[PDB]
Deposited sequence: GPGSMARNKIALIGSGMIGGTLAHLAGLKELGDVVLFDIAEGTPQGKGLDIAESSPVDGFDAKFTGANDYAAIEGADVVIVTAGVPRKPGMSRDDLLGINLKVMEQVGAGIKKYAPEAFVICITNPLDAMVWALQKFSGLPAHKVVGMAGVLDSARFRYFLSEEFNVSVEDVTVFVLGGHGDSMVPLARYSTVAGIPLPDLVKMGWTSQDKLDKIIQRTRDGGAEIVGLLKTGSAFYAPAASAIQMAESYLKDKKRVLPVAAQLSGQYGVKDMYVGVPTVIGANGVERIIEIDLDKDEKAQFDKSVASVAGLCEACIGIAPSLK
């Protein structure tokens, strides 16, 4: 049987996941949503494109969780946009999604995209009852992609020769490690030394990565980023389906690493056929650990606020 990918949410990211899953031949695709017509429509549009590029994949749109039965991978974008209270609405969505995955796809590898990410993934894991190593959040890969793109422009090198090291969440909760970020193995601080850029331009690049999501919103005005997010989650899915062992920053349940337990945090992980196969642990200096703890504190509060709304957690 082909692999089966279920996309819970058929909006801008959802459609893009479907398209990419088709193009990359990851397998059959189920697009789920509460909106009638939307998933069916996008699913049939993508199916109808299949003969052009030559991929053979079933695309199904559905409004019933039974359609996700036996999904090897589930990618969750279901939620509402920030048009505080976002927490309350999206948490109720995670509850519906969790129960749906619990019933129909308990063996799935689950990638959460819904915001606020680190809390929503934490809640989805508990509501679904899936083992934590099989439930992760997409955030870090997106920050890393933006950062790499900015640097590839700064140095006029290939994106393929830029590596960045990122932990935490987005924005002020991101913890970049310049010293573990390189061009062809040469770390960013030495590139500054060599005159390839300046520390001020690197600081602006770092700040632009923090604000990267907001920059896209400012440009589109009517929505947020969807290509790079979608590409990011597909890469995680792909490392699972192909047992690739990529090292990828994702929101994963920590159990002692970095001094944190029972909470999702953005960390470098090795992704393979068993989900999060390994959490990578590096030393952080005082300032790094300062930012790190600050994000954990912020996410702790969101999770507590979620416990407020849903004591079942």
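Novice: So which bits of the deposited chain never got modelled?
Specialist: According to the record, the gaps fall at 1-5, 89-93, 324.
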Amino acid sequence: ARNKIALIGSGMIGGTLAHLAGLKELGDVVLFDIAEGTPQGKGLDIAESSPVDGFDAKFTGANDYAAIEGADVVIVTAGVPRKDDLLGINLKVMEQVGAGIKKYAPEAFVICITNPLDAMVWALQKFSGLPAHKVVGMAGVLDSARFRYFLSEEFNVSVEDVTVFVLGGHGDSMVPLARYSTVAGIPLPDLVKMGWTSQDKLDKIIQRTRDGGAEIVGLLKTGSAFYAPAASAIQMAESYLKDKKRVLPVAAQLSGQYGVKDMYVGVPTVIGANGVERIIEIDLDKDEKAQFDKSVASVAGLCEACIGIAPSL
From here on, numbers count along this sequence of modelled residues.
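Novice: Look up the CA B-factors in the entry and say which stretch, 182-190 or 88-96, has the higher mean.
Specialist: Comparing averages over the C-alpha atoms only gives 88-96.
Novice: Mean Cα B factor from the PDB record: higher for 117-125, or higher for 145-153?
Specialist: If you average the C-alpha B-factors of 117-125 and of 145-153, the larger mean comes out for 117-125.
Novice: Going by the entry, which of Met263, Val29, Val250, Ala47 has the most elevated CA B factor?
Specialist: In this record, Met263 carries the highest C-alpha B-factor of the candidates.
Novice: In terms of CA temperature factor as recorded, identify the highest of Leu220, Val136, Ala231, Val76.
Specialist: Answer for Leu220, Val136, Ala231, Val76: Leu220, with the highest C-alpha B-factor.
Novice: Grab the CA temperature factor for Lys294 from the record and place it in the lowest, middle or highest third of its chain.
Specialist: Its C-alpha B-factor belongs to the highest third of this chain's values.
Novice: Compared with the other modelled residues in the chain, in which third is the CA B-factor of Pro81?
Specialist: Highest third of the chain for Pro81's C-alpha B-factor.
Novice: Ordered by C-alpha B-factor within the chain, which third holds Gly61? Give me lowest, middle or highest, please.
Specialist: According to the entry, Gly61 has a C-alpha B-factor in the chain's middle third.
Novice: If you rank the chain by CA B-factor, which third does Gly43 end up in: lowest, middle or highest?
Specialist: Lowest third - that is where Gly43 ends up once the chain's C-alpha B-factors are sorted.
Novice: Considering only modelled residues of the same chain, in which third does the CA B-factor of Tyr104 rank: lowest, middle or highest?
Specialist: Highest third - that is where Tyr104 ends up once the chain's C-alpha B-factors are sorted.
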